[PDB]
Amino acid sequence: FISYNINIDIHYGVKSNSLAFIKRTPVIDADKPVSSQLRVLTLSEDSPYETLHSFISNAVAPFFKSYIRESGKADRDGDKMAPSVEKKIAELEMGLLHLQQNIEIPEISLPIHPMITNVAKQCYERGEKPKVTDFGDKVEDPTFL
Amino acid sequence: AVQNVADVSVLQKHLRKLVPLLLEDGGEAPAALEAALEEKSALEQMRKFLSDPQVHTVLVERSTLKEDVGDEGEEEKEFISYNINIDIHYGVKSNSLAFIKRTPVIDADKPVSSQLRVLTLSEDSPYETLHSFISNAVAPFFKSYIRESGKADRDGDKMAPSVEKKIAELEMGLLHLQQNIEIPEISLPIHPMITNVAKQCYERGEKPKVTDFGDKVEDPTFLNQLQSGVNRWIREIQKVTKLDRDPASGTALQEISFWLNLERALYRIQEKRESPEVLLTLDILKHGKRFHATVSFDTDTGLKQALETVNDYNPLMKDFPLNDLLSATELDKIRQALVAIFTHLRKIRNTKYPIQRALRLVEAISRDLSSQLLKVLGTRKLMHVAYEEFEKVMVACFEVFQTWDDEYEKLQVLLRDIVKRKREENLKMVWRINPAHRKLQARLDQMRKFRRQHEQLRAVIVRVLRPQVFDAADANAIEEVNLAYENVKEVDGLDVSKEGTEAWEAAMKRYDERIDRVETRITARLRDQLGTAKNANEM
Amino acid sequence: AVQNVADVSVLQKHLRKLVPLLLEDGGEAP
């Protein structure tokens, strides 16, 4: 069933698509185009490792590299901070592509039906063994089976 | 994976609906977009994008082109120009949309926007944007998986915590993001017709009047365009003012050079009407029902309070003692230059300069002190510095060390006098400088121990290891101590890192293995020569 | 900053018309 959730912060929900909106323009103005005042990101839950890796790669490698090369910053010695952060970005990409180890599915809850589970729990908490008899009519009802 | 290739129509309509709001709060798929969006140059581009399972970058932009028009009447004209790129780069005067394929081949049967993620470009400051937004998008978010996924529960893989640490290293490592772009000012981004009309109204030298604009002097949309232009002008000049350099993205030297440039530019941003053409621009704004733009040229764009905010014009005279310290290469010059910058700190208090910021600048200057004494150390040639010469220059650099501590305890006297100043002003206490200088000195002084150490041996060895001053062994053993000094020398030199000190420790542990062998020899000769009596050569 | 603030209605309708184009690939608000 499709539902909705609201988050002031940012949070990974499982099997729940996400849309993040972070203000590109810090000041808030109704006259200022709100959509052009905001910054739009989105995410679907398929594999967060490759998610982050590929998105940061194709988001910062060409943008950042092209802008540092073409804006004359490579000719400016005011900040040698850029090559250091280029190495930093490269090692981000390496570490995030290396994030391909585990499926992370060790054990999941076992669903059968709420009715049988609650009947068994209520007939066991008294101190008695559940059988075919405790369910009663539910053992031969085709729909419940 | 590779699947059916999507069609142009579906994604074209999707992006057409998405763009106009994100671009100008509306527009409903403007025809300028669709002109070159349907163009074969772009069409084959997105065909390759969808089909090729190797390209996952694309850039659709719409520049609000500032078309320079030479016709008399105005300066520029607003224009619309859609742009298509298969590689992504900073578009000038425009915000763009990038699309990354999460699946190497995308189809319409599965949701296209599910298999493809959208990015939207920032033109104001793309680097600051991308950094802050990646932080506020991944850091607590990768944190949420670090907790939910039980990566701490399974210690077999401990590389996700390290990649979290390196994400943090990025986010707190580059915060300037190439800050301080040195933007001094911009052009006049206001209504063009008024500026041009005033230009021919004064090139005649006849004081542009109220009437010469005609009905435009009372035309509402004209006037509101003037207001919007003046508002954006104050936007970029308050931008050039809000540039507040921090010690990083440069250095404290560069910080107070920023103070230089900022102050000498806000000397002219005190008002913005200095040019006679801008004087008559003030006059026509007064005439054209924009007298608030006039007082802006006096108060708002006439940013006089900047000077009041930056009354700190004594750092201008601080740049000279700092420069003396910069040129201070000889040890005595270094100490007296520290004294000089200290005395002019006594001077610089008069201005309301941020003392937390100021003495964190002196923190950067203290690491600069470490750097310049490192240059002096390279002059000393620590790699193969000669022992007695080395302890003599350690007498020199250690009197320089407790003297740096002399005017450093004097910097604490400065802390007391700035207690007086906070009694007159008050401000936040956090102004640590505490340098790494001692660490070098630490290594220095510990090496000095070593130095004295072997000198305690070697000269005395020249007699004590010598029999009654054993020839065969002790000749090679005096060689042992001397060439061991060489081996500790050939591996331990001017190594700045503490790993040099660690290799020094290894060097002494093997050195003192030899030395303890020498001790065993000398004690053996002792005991085998004892037993006679107490007097002189006996005991 | 808070000088003029976009209304709840306009931004919420913008999101209502924007989300289905992404999370349903051109769908309608559910």
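So, how was this worked out
- Residues numbered from 1 in each chain as written, not as in the entry; some residues may be left out.
- Chains lettered and ligands numbered in written order.
- Part of a larger assembly, values for the part shown.
- Heavy atoms only, no water.
- Helix = DSSP H or I, 4+ residues; strand = E, 2+ residues; numbered from the N terminus.
- Contact = heavy atoms within 4.5 Å.
- Buried area = accessible area lost by both parts, 1.4 Å probe.
- Salt bridge = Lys/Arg side-chain N within 4 Å of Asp/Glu carboxyl O.
- Axes fitted to C-alpha atoms, helices over the stretch in contact; angles between N-to-C directions.
- Parallel < 35°, antiparallel > 145°, perpendicular 65-115°, else oblique.
- Nonpolar A, V, L, I, M, F, W, Y, C, P; charged D, E, K, R; others polar.
- Polar contact = N/O pair within 3.5 Å; in protein donor to acceptor, adjacent residues only side chain to side chain.

Listed as the method for this PDB entry is cryo-EM; the listed resolution is 4.5 Å.

1. Structural notes on the overall build of chain C
Looking only at helices and strands, chain C has one helix and zero strands in total. Dimensions of chain C, computed from C-alpha atoms along their principal axes, come out at roughly 35 × 15 × 10 Å.

2. Looking at the interface of chain A and chain B
At the junction of the two partners, chain A supplies 52 residues and chain B supplies 56 residues. Summing both sides of the interface, chain A and chain B together bury roughly 4900 Å²; the carbon and sulfur share of this comes to 65%. When the buried area of chain A at its contact with chain B is split by residue, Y12, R39 and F63 of chain A rank highest and sum to 14% of it. Seen at the junction of chain A and chain B, the total is three salt bridges.

3. Some points on the packing of helix α14 (residues 331-348) of chain B against helix α15 (residues 355-380) of chain B
Residue and element names in this part refer to chain B. α15 packs onto α14 with a crossing angle of 170° between their chain directions and a minimal axis gap of 11 Å. In terms of axis orientation, α14 runs roughly antiparallel to α15. In contact with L331, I334, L338 and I341 of α14, α15 contributes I365, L369, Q372, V376 and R380. For the contact of α14 with α15, the residue count by class is seven nonpolar, one polar and one charged.

4. Side note on the interface of chain B and chain C
Listed as interface residues are 11 residues of chain B and, on the opposing side, seven residues of chain C. Here chain B and chain C share an interface that buries about 780 Å² over both sides, 70% of which is from carbon and sulfur atoms. On inspection of chain B and its partner chain C, the count reaches zero salt bridges. Linking chain B with chain C are three residue pairs in polar contact. A per-element tally of the side of chain B that touches chain C places helix α1 (residues 8-24) of chain B first, with five residues. Its residues assigned to classes, the side of chain B that touches chain C shows six nonpolar, three polar and two charged.

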